[PDB]
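Asks: Sharing a structure here in structure tokens format.
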Amino acid sequence: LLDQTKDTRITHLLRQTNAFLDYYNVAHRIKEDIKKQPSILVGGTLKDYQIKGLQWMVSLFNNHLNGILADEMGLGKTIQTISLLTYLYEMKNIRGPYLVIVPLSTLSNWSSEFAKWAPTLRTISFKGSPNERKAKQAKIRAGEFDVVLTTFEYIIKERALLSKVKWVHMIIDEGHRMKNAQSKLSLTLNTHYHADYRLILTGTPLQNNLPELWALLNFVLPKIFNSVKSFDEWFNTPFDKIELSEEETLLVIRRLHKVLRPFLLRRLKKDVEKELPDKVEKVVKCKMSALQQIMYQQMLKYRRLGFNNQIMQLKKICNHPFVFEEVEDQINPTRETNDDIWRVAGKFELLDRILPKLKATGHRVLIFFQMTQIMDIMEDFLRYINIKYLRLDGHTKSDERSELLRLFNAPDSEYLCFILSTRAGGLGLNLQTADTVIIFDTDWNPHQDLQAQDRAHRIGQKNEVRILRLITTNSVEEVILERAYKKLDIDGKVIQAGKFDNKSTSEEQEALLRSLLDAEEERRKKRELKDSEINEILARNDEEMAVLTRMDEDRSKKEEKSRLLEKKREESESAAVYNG
Amino acid sequence: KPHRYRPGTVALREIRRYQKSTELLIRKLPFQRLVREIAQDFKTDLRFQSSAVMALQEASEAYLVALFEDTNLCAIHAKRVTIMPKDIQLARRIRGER
Amino acid sequence: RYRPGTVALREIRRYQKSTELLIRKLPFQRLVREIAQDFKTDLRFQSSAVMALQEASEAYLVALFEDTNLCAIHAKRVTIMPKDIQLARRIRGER
Amino acid sequence: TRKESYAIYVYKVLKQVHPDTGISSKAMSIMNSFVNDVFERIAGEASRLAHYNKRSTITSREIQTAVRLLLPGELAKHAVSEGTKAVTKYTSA
Amino acid sequence: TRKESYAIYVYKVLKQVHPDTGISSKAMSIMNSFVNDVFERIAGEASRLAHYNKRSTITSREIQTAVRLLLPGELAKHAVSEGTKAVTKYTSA
Amino acid sequence: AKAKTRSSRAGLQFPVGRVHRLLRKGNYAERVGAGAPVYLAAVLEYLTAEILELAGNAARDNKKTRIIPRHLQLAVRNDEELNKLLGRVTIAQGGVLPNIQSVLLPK
Amino acid sequence: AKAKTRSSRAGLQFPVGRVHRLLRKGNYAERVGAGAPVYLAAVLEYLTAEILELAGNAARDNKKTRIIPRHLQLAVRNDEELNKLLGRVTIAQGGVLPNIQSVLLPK
Amino acid sequence: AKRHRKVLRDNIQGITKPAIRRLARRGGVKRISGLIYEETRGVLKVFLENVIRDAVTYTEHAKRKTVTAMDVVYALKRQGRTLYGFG
Amino acid sequence: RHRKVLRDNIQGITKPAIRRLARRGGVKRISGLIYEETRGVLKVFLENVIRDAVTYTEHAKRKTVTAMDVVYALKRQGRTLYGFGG
DNA sequence: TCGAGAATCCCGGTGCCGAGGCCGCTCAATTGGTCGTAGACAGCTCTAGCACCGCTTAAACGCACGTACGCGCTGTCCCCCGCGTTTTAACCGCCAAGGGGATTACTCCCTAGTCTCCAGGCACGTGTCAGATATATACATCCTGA
DNA sequence: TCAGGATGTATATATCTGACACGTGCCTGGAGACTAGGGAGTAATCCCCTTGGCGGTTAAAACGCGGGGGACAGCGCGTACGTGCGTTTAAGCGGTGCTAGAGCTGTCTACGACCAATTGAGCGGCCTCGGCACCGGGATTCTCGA
Ligand SMILES: Nc1ncnc2c1ncn2[C@@H]1O[C@H](COP(=O)(O)OP(=O)(O)O)[C@@H](O)[C@H]1O
Ligand SMILES: [Mg+2]
């Protein structure tokens with residue numbers, strides 16, 4: 001019960017913000033509520049949830065403290081923020097100055113929205129070399145500005161600019177890149193001096209490692225700096241199953257949600273617009289193949305059982321073998337791609353089973369990659385199967401990123417599978433037209449889910465979204481799968497904290513929270529080639545069953561060697577035994 | 001009608017600019033890949049500290065500068081201001097290496 | 001008579017073929033005693049010491065004429081000059 | 001944990017030669033390695049020098065001939081003068 | 001009065017390599033100084049090699065890296081083979 | 001019975017005790033002398049003061065209060081015999097002193 | 001209790017005891033190993049047998065039973081790596097192996 | 001196809017034309033031929049090969065996998081290349 | 001007992017002998033100024049080596065220079081000589 | 001024989017970050033008190049270095065042609081220089097986890113001293129055998145010549 | 001292409017000679033037994049390096065492209081040593097004497113070594129601030145052509 005001690009801490013440190021320019025009471029100490037939107041706002045009307053959240057952040061400005069918008073992607077943080085800037089610019093008459101920080105990929109979006117929705121507010125951009133940047137540099141040195149755009153790199157490059165000027169109200173974006181504590185940019189914003197008040201903005205809350213800490217639980221709030229220094233482990237000890245996480249520390253979680261009430265604001269898209277018809281979240285199970293059979297473990301044997309194998313060996317040779325291409329000259333000295341070279345991998349068997357069916361049923365599938373060697377080999381055999389497709393990568397330079405999407409979104413196009421990486425695009429890709437996603441290897445963080453999965457489920461896709469998550473039997477990337485998935489479901493408390501971080505019905509944080517604690521108590525319960533089942537997992541309805549069973553009869557007469565390539569033996573064992 | 005320099009003046013301006021300055025010359029990362037690639041031949045999966053790569057870098061840089069100075073003296077002895085393969089291999093041949 | 005340059009080959013083959021000491025002993029003896037008189041007076045040299053220093057300076061100086069030969073043939077001049085013979089010990093790091 | 005360097009000794013020499021002149025970190029390290037290397041030359045050569053005479057102990061005369069034989073030129077004369085001066089001043093204490 | 005030399009050891013090597021071949025006095029002295037000089041290189045370098053590791057004792061591994069680091073080329077491989085062979089044969093006695 | 005460092009008895013800076021110990025444990029000889037570490041302390045005094053003094057002159061010539069390894073470079077290679085000692089050994093960050101061949105430069 | 005020289009235990013020629021003692025009193029390290037003098041004895045076996053064997057081949061080529069420092073000269077500088085070891089070091093009475101530059105000799 | 005790493009600019013060419021150009025300009029040379037490049041890359045590869053051989057010998061002796069600064073300083077200092085400022 | 005003074009104690013190396021000495025080195029055509037320069041470099045080398053040798057002989061407190069002192073002077077000089085001991 | 005134009009250094013203004021003091025810790029220096037022992041003198045041996053002294057003879061030298069070649073001079077191109085324009089990857093920052101160097105601290109185990117008797121190698125002598133000066137011989141090889 | 005030319009090969013003999021076999025004294029290697037300390041092992045903590053990717057920003061690097069000059073064969077001419085050749089001549093050698101000092105043996109201390117108390121000196125952390133680094137902008141300065 002340290003929230004009362006924190007009430008004393010905010011009693012002592014509360015006067016820093018205002019002076020230097022019921023736990024709600026400290027944030028309720030001033031009485032005003034204004035629902036009305038700004039009148040000078042042009043270009044449309046605010047959504048009901050936009051008016052509520054806007055009234056919430058402005059309600060924080062009433063007490064003047066800092067605030068957080070944690071809500072889901074697609075809810076329009078943009079128009080809410082610039083509406084706070086024009087409303088705060090209009091009614092409150094503090095009028096500025098304002099500092100906004102967004103990624104460069106979204107700088108066109110923010111710059112385009114600041115014109116329509118706020119024509120009166122003067123802005124500034126930074127791009128196009130020091131030649132074009134020096135003009136607006138001379139423009140800002142005179143002190144003429146209101147809302148100034150900039151990106152992350154121009155913080156350290158413009159360190160002189162921001163150092164020579166004192167700001168008032170800053171609102172940044174992409175808080176989950178900024179989150180890093182030891183990040184040079186964060187230290188430079190600690191040496192930044194300050195503005196009056198700051199707003200962190202992130203599409204997704206804390207992810208991966210232990211609770212908030214480095215970002216919102218240190219960097220955002222003035223009291224939280226000196227207060228939460230030691231307590232990070234005291235409140236992080238939850239993360240020895242029922243007796244800890246459930247029995248005693250449930251109230252500890254309740255206090256973790258109790259302290260974040262005035263701070264975070266998060267709301268689900270399904271609670272407001274809910275334009276997503278539905279989704280399908282499933283997985284599959286693959287097994288090993290020639291090199292991926294005991295020869296795989298045999299490599300682990302002679303090599304161990306360079307270095308850093310267990311992390312490196314997976315994403316290379318449990319997806320596709322001879323990505324080293326050194327043993328490729330052993331298995332395939334002809335350096336020529338022929339049938340059953342790409343089928344020596346156990347994971348690819350499932351693929352080349354689906355691809356004929358998706359080619360027959362005519363569905364466009366998204367694919368996400370890591371270890372771009374898989375993109376090269378998968379691209380070459382992808383040319384062997386003779387089906388159209390489109391590529392992308394981190395070397396794309398954004399020319400094919402901007403121009404390619406117009407070629408993809410064409411309905412008459414024959415491009416089916418669409419090549420992507422996990423980290424590429426920065427969530428600005430905007431692809432609504434593909435109903436299917438398959439992924440070879442699971443990312444270390446939920447950004448696989450909240451990025452690759454938000455590519456489909458976003459507005460513009462009215463069909464059913466199917467997902468296939470590949471995994472192999474008797475492998476360590478398993479315990480990476482249940483490690484990231486299950487062990488990183490600790491954030492389930494936060495995704496539950498969005499619902500009672502919303503309008504927060506009384507039964508949400510006890511009755512319905514407990515209804516989730518069902519999913520908290522089935523954890524261990526979920527720890528425990530079939531052509532018909534794998535055929536039916538992609539079947540939406542009955543007239544698809546007609547064509548897929550028609551394919552079953554098509555390949556029922558013809559024989560379709562063996563399943564995949566097998567260890568004929570002289571290639572397998574002699575591979576890695578002469579290296580060491 | 002543009003403006004240019006007579007051939008050989010830019011050479012003096014360069015030489016003065018470099019010999020005037022102490023800054024490291026060859027670029028770090030390519031030399032990093034060179035040292036890792038050439039050390040991969042002897043023993044696998046070595047790990048180099050930053051100060052080690054800077055050490056070997058500055059060493060080979062200084063010695064190689066000395067080599068081009070020697071080659072310059074041998075060239076100007078040959079009456080040819082241009083350095084060739086012959087005199088640059090004659091420098092390390094006369095030094096006692098080759 | 002012989003054409004110029006054949007006697008040179010016959011000599012070089014005769015010397016490089018033989019291991020015998022070349023420069024004459026006693027003049028080198030007077031040289032070492034005279035040059036050592038400068039540092040400290042009335043030194044006494046054993047025979048094996050004078051033979052040692054003799055053979056050493058002889059071998060090193062032969063190496064010097066070989067390097068001067070390489071520098072000369074690099075210069076395209078078959079004749080060795082003072083320039084390249086001082087360039088040998090200038091490039092070696094002595095001068 | 002403990003890495004020993006000459007350091008403040010070279011600093012004191014700097015302050016008794018050129019008081020206003022300062023020294024950087026790279027210069028302090030490079031001159032540290034200097035005195036370490038020179039010391040290794042003198043002592044390392046005096047070792048074998050005392051070994052050729054079948055003398056078990058290293059003494060002031062061994063270091064004498066060591067520094068006289070090590071660094072050529074007139075530079076040795078001043079080292080001999082300052083050295084013998086410091087030895088006589090030490091024994092006269 | 002007593003001046004030690006390797007001598008008859010080099011003589012025995014000569015008789016186990018080329019039995020009929022003889023050796024002169026100058027050759028015996030020059031190869032004596034040979035093995036003395038090479039020994040001085042190997043042991044003298046292994047000393048400082050064990051000193052850089054702060055290891056007080058010199059061991060078979062120190063001489064190992066000493067001879068491997070000293071003489072370049074394929075010539076070191078046979079020295080390593082014969083050396084380790086002699087060490088294993090010595091310990092197996 | 002007051003403790004007085006013998007490094008101050010010789011009127012020196014480099015320590016006599018440290019060079020004496022380090023010389024002992026450096027296994028250079030089985031027995032060490034008395035005035036030997038004093039003598040090494042002295043020669044290190046003169047060498048360090050010498051080269052560091054030339055570095056001070058070079059830094060003064062460049063109008064720089066502190067000294068840079070460039071200044072130690074010029075200090076070394078300016079002097080003849082001091083370069084003769086350090087000729088075989090290289091350095092770090094120093095660079096090369098400006099030189100241009102006679103007939104290489106044009107009229 | 002019969003005394004057996006450990007130099008014969010390793011089947012070598014160069015003595016293990018002499019190199020062990022001389023290595024000890026040579027103040028190279030404060031403690032010495034066990035198999036180290038055996039290992040040095042071995043490498044001296046191989047080096048001496050190697051170079052002396054090449055000398056035997058040169059003397060056999062010159063039709064001379066005994067060996068001359070000339071034969072050790074040819075033995076050294078004939079081999080590549082063996083010359084790489086002895087390149088920096090000079091010799092006595094050996095001389096220079098016959099060599100003549102290509103374009104120096106006439107047609 | 002292009003999947004193979006065999007097709008790429010090799011590492012030894014990582015030293016560029018203006019790099020070695022400038023590096024000779026510090027040496028005081030005016031006019032440079034065209035084969036100075038390849039020949040000097042060969043020389044550099046040989047020298048680095050030797051020094052890294054000695055270095056990996058020291059580091060391998062200590063059983064460590066980390067090549068440190070003191071290592072290279074020992075290799076150069078033993079080769080006669082002794083380097084100050086680090087060791 | 002006595003001292004016999006015979007002139008030419010510097011250039012006394014004869015041009016036929018030093019010419020042969022170059023002939024062993026493989027030189028083809030010898031100039032006329034090679035001789036004086038060679039006496040210069042030989043004189044300087046002799047300076048250094050004998051300076052070191054008499055440094056050893058002086059340290060040992062002996063009035064007689066021995067071959068071992070020369071082998072040590074050449075030793076630290078960078079060229080080791082074999083056959084005379086050490 | 002002279003005048004414009006890109007480079008270079010002289011200028012203050014910020015600006016930021018290693019260099020220097022300052023405080024506190026801890027551990028090698030410092031100061032006695034035995035105590036075993038190289039090495040410093042001191043004297044005796046002898047032996048190898050230093051004097052001529054004379055004879056003998058290859059070795060060097062001043063000098064005479066006589067071609068070999070090095071240097072100055074001269075056309076002839078081909079290669080490198082200095083711009084001028086794309087283009088592109090080093091350079092930062094960021095991410096994801098993992099593993100490799102350190103510093104105390106019991107715990108053994110392998111080689112220092114250490115006294116004892118025993119055999120391997122070398123300085124000194126016989127007492128015999130490979131090689132260099134000493135003789136005479138077709139051939140390997142080059143210059144004049146055709 | 002051919003004759004007679006100034007240098008190197010193989011063949012008996014003989015002939016000093018010094019390497020090698022054989023045989024003694026004697027100083028040092030070696031095994032056995034008994035005492036102490038150096039490094040290898042396990043094990044937490046904290047900092048740095050790996051190996052696959054991302055997002056950006058520029059200065060450098062690459063590719064042409066004209067075009068200026070230096071490498072680069074040739075051509076003559078004047079020295080410049082090369083190569084004998086008589087003519088001195090000083091080095092090699094053998095052949096004594098004379099003695100300075102290198103070397104060996106014998107004692108006797110002044111001196112490092114090791115060990116027990118005692119404590120200022122030097123090194124890490126903390127904190128602070130001038131000195132070097134960077135930025136327009138502007139006063140020469142040598143270089144490109146008339
Ligand atoms: N009140 C509104 N009226 C009209 N369009 C809106 C409104 N709010 C959001 N949008 C739409 O949302 C888009 C911007 O969404 P964005 O702010 O990028 O989502 P997120 O906040 O999740 O990043 C705009 O293109 C705009 O058309
Ligand atoms: Mg938004």
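Each chain of the structure tokens is named A, B, ... in the order shown, its residues numbered from 1; ligands are numbered from 1 in display order.
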Given a cut-off of 7 Å, what residues near ligand 1 show up using only C-alpha atoms (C1' of nucleotides) and all ligand atoms, put as a list in words?
Replies: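 Result of the 7 Å neighbour search around ligand 1: residues 44, 45, 46, 47, 50, 72, 73, 74, 75, 76, 77, 78, 79 and 203 of chain A.
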Asks: As a list in words, please: the residues near stretch 260-277 of chain A (cut-off 7 Å, only C-alpha atoms (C1' of nucleotides), same-chain neighbours under 3 positions excluded).
Replies: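 The contact residues come out as residues 67, 68, 69, 70, 71, 72, 75, 256, 257, 457, 459, 462, 498, 499, 501 and 502 of chain A.
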Asks: Mind dumping the selected residues with N, CA and C atoms as a PDB file, in the first residue's frame?
Replies:
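Okay, part-v6.pdb is ready:
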ATOM      1  N   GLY A  67       0.859  14.016 -19.224  1.00  0.00           N
ATOM      2  CA  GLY A  67      -0.122  12.998 -19.538  1.00  0.00           C
ATOM      3  C   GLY A  67       0.397  12.037 -20.584  1.00  0.00           C
ATOM      4  N   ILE A  68      -0.344  10.944 -20.750  1.00  0.00           N
ATOM      5  CA  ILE A  68       0.044   9.854 -21.637  1.00  0.00           C
ATOM      6  C   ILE A  68      -1.182   9.412 -22.421  1.00  0.00           C
ATOM      7  N   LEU A  69      -1.020   9.224 -23.728  1.00  0.00           N
ATOM      8  CA  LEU A  69      -2.032   8.576 -24.552  1.00  0.00           C
ATOM      9  C   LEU A  69      -1.446   7.255 -25.034  1.00  0.00           C
ATOM     10  N   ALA A  70      -1.912   6.158 -24.442  1.00  0.00           N
ATOM     11  CA  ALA A  70      -1.388   4.823 -24.698  1.00  0.00           C
ATOM     12  C   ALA A  70      -2.239   4.020 -25.674  1.00  0.00           C
ATOM     13  N   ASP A  71      -3.269   4.624 -26.261  1.00  0.00           N
ATOM     14  CA  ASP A  71      -4.325   3.850 -26.895  1.00  0.00           C
ATOM     15  C   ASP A  71      -3.825   3.168 -28.170  1.00  0.00           C
ATOM     16  N   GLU A  72      -4.728   2.417 -28.795  1.00  0.00           N
ATOM     17  CA  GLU A  72      -4.397   1.511 -29.882  1.00  0.00           C
ATOM     18  C   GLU A  72      -4.159   2.278 -31.183  1.00  0.00           C
ATOM     19  N   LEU A  75      -6.615   5.018 -33.863  1.00  0.00           N
ATOM     20  CA  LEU A  75      -7.582   5.852 -33.162  1.00  0.00           C
ATOM     21  C   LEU A  75      -7.335   7.342 -33.354  1.00  0.00           C
ATOM     22  N   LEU A 256      -0.613  -1.218  -9.154  1.00  0.00           N
ATOM     23  CA  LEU A 256       0.043  -0.822 -10.395  1.00  0.00           C
ATOM     24  C   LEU A 256      -0.948  -0.168 -11.348  1.00  0.00           C
ATOM     25  N   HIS A 257      -2.192  -0.653 -11.364  1.00  0.00           N
ATOM     26  CA  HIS A 257      -3.240   0.007 -12.131  1.00  0.00           C
ATOM     27  C   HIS A 257      -3.808   1.222 -11.411  1.00  0.00           C
ATOM     28  N   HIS A 457      -5.580  -6.563 -39.853  1.00  0.00           N
ATOM     29  CA  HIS A 457      -6.784  -6.222 -39.099  1.00  0.00           C
ATOM     30  C   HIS A 457      -7.159  -4.747 -39.183  1.00  0.00           C
ATOM     31  N   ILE A 459      -8.336  -1.042 -40.665  1.00  0.00           N
ATOM     32  CA  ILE A 459      -9.499  -0.680 -41.465  1.00  0.00           C
ATOM     33  C   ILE A 459      -9.196  -0.859 -42.947  1.00  0.00           C
ATOM     34  N   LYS A 462     -12.351  -6.281 -44.881  1.00  0.00           N
ATOM     35  CA  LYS A 462     -13.631  -6.783 -44.398  1.00  0.00           C
ATOM     36  C   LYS A 462     -13.717  -8.304 -44.398  1.00  0.00           C
ATOM     37  N   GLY A 498      -6.105  -1.406 -20.710  1.00  0.00           N
ATOM     38  CA  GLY A 498      -6.699  -0.513 -21.682  1.00  0.00           C
ATOM     39  C   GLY A 498      -8.197  -0.393 -21.484  1.00  0.00           C
ATOM     40  N   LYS A 499      -8.837  -1.502 -21.106  1.00  0.00           N
ATOM     41  CA  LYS A 499     -10.290  -1.500 -20.976  1.00  0.00           C
ATOM     42  C   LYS A 499     -10.743  -0.692 -19.766  1.00  0.00           C
ATOM     43  N   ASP A 501      -8.585   1.405 -18.451  1.00  0.00           N
ATOM     44  CA  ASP A 501      -7.992   2.706 -18.725  1.00  0.00           C
ATOM     45  C   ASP A 501      -8.909   3.552 -19.598  1.00  0.00           C
ATOM     46  N   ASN A 502      -9.929   2.927 -20.181  1.00  0.00           N
ATOM     47  CA  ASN A 502     -11.031   3.577 -20.880  1.00  0.00           C
ATOM     48  C   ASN A 502     -12.052   4.067 -19.863  1.00  0.00           C
TER      49      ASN A 502
END
Asks: What is the distance between atom CA of residue H:83 and atom CA of residue D:44, in Å to one decimal?
Replies: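 If I compute the distance from atom CA of residue H:83 to atom CA of residue D:44, I get 18.4 Å.
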Asks: Determine which residues of stretch 40-72 of chain C receive a DSSP assignment of alpha helix (DSSP H), computed from the backbone, and state them as an NGL selection string.
Replies: :C and (47-72)
Asks: Deliver the residues from the most recent selection as a file, using N, CA and C atoms, as a tab-separated table (two decimals), in the first residue's frame.
Replies:
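result-v2.tsv was written with the following content:
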chain	number	residue	atom	x	y	z
C	47	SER	N	94.17	-12.09	-31.47
C	47	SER	CA	94.13	-12.40	-32.90
C	47	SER	C	92.72	-12.73	-33.35
C	48	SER	N	92.01	-13.55	-32.56
C	48	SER	CA	90.64	-13.92	-32.91
C	48	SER	C	89.71	-12.72	-32.88
C	49	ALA	N	90.03	-11.68	-32.12
C	49	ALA	CA	89.21	-10.48	-32.12
C	49	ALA	C	89.36	-9.72	-33.43
C	50	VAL	N	90.60	-9.54	-33.89
C	50	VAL	CA	90.83	-8.84	-35.15
C	50	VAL	C	90.28	-9.64	-36.32
C	51	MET	N	90.42	-10.96	-36.28
C	51	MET	CA	89.80	-11.79	-37.31
C	51	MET	C	88.28	-11.67	-37.26
C	52	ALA	N	87.71	-11.63	-36.06
C	52	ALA	CA	86.27	-11.46	-35.90
C	52	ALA	C	85.81	-10.17	-36.57
C	53	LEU	N	86.29	-9.03	-36.08
C	53	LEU	CA	85.88	-7.74	-36.62
C	53	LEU	C	86.15	-7.66	-38.12
C	54	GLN	N	87.27	-8.22	-38.57
C	54	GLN	CA	87.58	-8.26	-39.99
C	54	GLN	C	86.48	-8.96	-40.78
C	55	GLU	N	86.25	-10.24	-40.48
C	55	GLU	CA	85.26	-11.00	-41.23
C	55	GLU	C	83.88	-10.36	-41.14
C	56	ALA	N	83.56	-9.74	-40.01
C	56	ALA	CA	82.26	-9.08	-39.86
C	56	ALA	C	82.13	-7.90	-40.81
C	57	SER	N	83.07	-6.95	-40.74
C	57	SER	CA	83.01	-5.79	-41.63
C	57	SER	C	83.10	-6.20	-43.09
C	58	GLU	N	83.85	-7.26	-43.38
C	58	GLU	CA	83.94	-7.77	-44.74
C	58	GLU	C	82.58	-8.26	-45.23
C	59	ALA	N	81.92	-9.12	-44.44
C	59	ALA	CA	80.63	-9.65	-44.86
C	59	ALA	C	79.60	-8.54	-45.01
C	60	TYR	N	79.49	-7.66	-44.01
C	60	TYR	CA	78.53	-6.57	-44.10
C	60	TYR	C	78.80	-5.68	-45.30
C	61	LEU	N	80.07	-5.41	-45.58
C	61	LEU	CA	80.38	-4.52	-46.70
C	61	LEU	C	80.08	-5.19	-48.03
C	62	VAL	N	80.29	-6.51	-48.13
C	62	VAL	CA	79.85	-7.26	-49.30
C	62	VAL	C	78.35	-7.11	-49.49
C	63	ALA	N	77.58	-7.27	-48.41
C	63	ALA	CA	76.14	-7.05	-48.49
C	63	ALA	C	75.83	-5.64	-48.98
C	64	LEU	N	76.63	-4.66	-48.56
C	64	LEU	CA	76.41	-3.29	-48.99
C	64	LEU	C	76.62	-3.13	-50.49
C	65	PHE	N	77.68	-3.75	-51.03
C	65	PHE	CA	77.89	-3.67	-52.48
C	65	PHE	C	76.84	-4.43	-53.26
C	66	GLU	N	76.28	-5.50	-52.68
C	66	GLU	CA	75.19	-6.20	-53.35
C	66	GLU	C	73.94	-5.32	-53.41
C	67	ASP	N	73.59	-4.67	-52.31
C	67	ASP	CA	72.43	-3.77	-52.35
C	67	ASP	C	72.70	-2.61	-53.31
C	68	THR	N	73.90	-2.04	-53.26
C	68	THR	CA	74.21	-0.98	-54.21
C	68	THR	C	74.09	-1.47	-55.65
C	69	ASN	N	74.43	-2.74	-55.90
C	69	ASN	CA	74.27	-3.28	-57.24
C	69	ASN	C	72.80	-3.34	-57.63
C	70	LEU	N	71.93	-3.78	-56.72
C	70	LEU	CA	70.50	-3.80	-57.03
C	70	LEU	C	69.96	-2.39	-57.27
C	71	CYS	N	70.40	-1.42	-56.47
C	71	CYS	CA	69.93	-0.06	-56.68
C	71	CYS	C	70.43	0.50	-58.01
C	72	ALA	N	71.67	0.17	-58.38
C	72	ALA	CA	72.22	0.63	-59.65
C	72	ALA	C	71.47	0.04	-60.83
Asks: Restrict the calculation to only C-alpha atoms (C1' of nucleotides), then for each residue of chain K with any atom at most 9 Å from an atom of chain C give the closest atom pair and their distance in Å to one decimal, rows by chain and rising residue number, as a tab-separated table.
Replies:
residue	atom	partner	partner_atom	distance
K:6	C1'	C:1	CA	8.2
K:7	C1'	C:10	CA	8.7
K:82	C1'	C:4	CA	6.4
K:83	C1'	C:4	CA	8.0
K:84	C1'	C:1	CA	8.7
K:91	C1'	C:26	CA	7.0
Asks: As a ChimeraX atom specification, could you give me every residue of chain D near chain F (at most 9 Å apart, counting only C-alpha atoms)?
Replies: /D:6,9-10,12-14,16-18,20-24,26-27,30-31,34-35,38-39,42-44,46-48,50-51,56-64,67,70-75,78-80,82-91,93
Asks: Could you pull the residues within 9 Å of residue B:73, counting only C-alpha atoms (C1' of nucleotides), minus those fewer than 3 positions along the same chain, as JSON, numbers by chain?
Replies: {"B": [68, 69, 70, 76, 77, 78], "C": [87, 91], "F": [101], "H": [29]}
Asks: Compile the residues of chain B that lie within 12 Å of chain J, evaluated using only C-alpha atoms (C1' of nucleotides), and express the compilation as number ranges by chain.
Replies: B: 2-11, 13-14, 16-17, 26-32, 45-49, 82-83
Asks: What is the distance between atom CA of residue B:67 and atom CA of residue B:91, in Å to one decimal?
Replies: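 We find that atom CA of residue B:67 and atom CA of residue B:91 lie 7.1 Å from each other.
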Asks: Contacts from chain J to chain A, 12 Å maximum, only C-alpha atoms (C1' of nucleotides): show me the residue list as number ranges by chain.
Replies: J: 14-16, 88-89, 92-100
Asks: Run DSSP on the backbone and grab whatever in chain I lands in strand (DSSP E); send it over as a ChimeraX atom specification.
Replies: /I:29-30,64-65
Asks: Could you please take those selected residues and save C-alpha atoms as a PDB file, in the first residue's frame?
Replies:
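The result, stored in selection24.pdb:
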ATOM      1  CA  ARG I  29      81.094  -1.865 -63.253  1.00  0.00           C
ATOM      2  CA  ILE I  30      82.787   0.087 -60.446  1.00  0.00           C
ATOM      3  CA  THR I  64      92.809  -6.608 -23.390  1.00  0.00           C
ATOM      4  CA  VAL I  65      89.965  -6.763 -25.904  1.00  0.00           C
TER       5      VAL I  65
END
